[PDB]
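Asks: FYI, in PDB author numbering the residues of the sequence shown are 18 to 54, 86 to 129. Sending over a structure as structure tokens; questions will come in a sec.
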Amino acid sequence: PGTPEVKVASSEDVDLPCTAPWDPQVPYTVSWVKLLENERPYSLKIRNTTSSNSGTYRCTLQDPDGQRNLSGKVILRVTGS
């Protein structure tokens, strides 16, 4: 609900977008997780996608001062064959 979705055919590559509402002119570092229980900045590259890559992912951007971070979620659905 409210979470954007990326659909990709199996065996294709995908750059999963970071959906955190980040600040321009801030040099973030990015860390990605999968929640179990290309000219766009901060995307997660997933090569040769398979059915098991489907799920919900979370991107976290860390401000260089180490005092703030921002997170956003995105769903991946792998299809085709």
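Using N, Cα and C, we set each Cβ at its ideal position, and we do this for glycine too.
Quick check: what's the CA-CA separation for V31 versus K93?
Replies: Position 14 of the sequence shown, counting from 1, holds the residue named residue 31. Position 45 of the sequence shown, counting from 1, holds the residue named residue 93. Those two C-alpha atoms are separated by around 6 Å.
Asks: According to DSSP, what are the bridge partners of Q110?
Replies: Here residue 110 corresponds to residue number 62 of the sequence shown, with the count starting at 1. Paired residues: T46, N117.
Asks: Going by C-alpha to C-alpha distance, which of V25, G19, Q110 sits closest to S100?
Replies: To locate residue 100, count along the sequence shown from 1; it is residue 52. Nearest C-alpha to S100: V25.
Asks: How close, in whole Å, do the beta carbons of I123 and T104 come, if the pair is a contact with beta carbons under 8 Å?
Replies: Walking along the sequence shown from the start, residue 123 turns up at place 75. Walking along the sequence shown from the start, residue 104 turns up at place 56. Sure, about 5 Å apart at Cβ, within 8 Å.
Asks: Could you check whether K121 and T46 sit closer than 8 Å to each other, using their CB atoms as the reference points?
Replies: Counted from its first residue, the sequence shown places residue 46 at position 29. Counted from its first residue, the sequence shown places residue 121 at position 73. No, the pair does not count as a contact, with Cβ atoms beyond the cut-off.
Asks: Excluding sequence positions up to five away, which residues of its chain have a Cβ less than 6 Å from the Cβ of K51?
Replies: Taking the first residue of the sequence shown as position 1, residue 51 is located at position 34. Only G103, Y105 meet the Cβ criterion.
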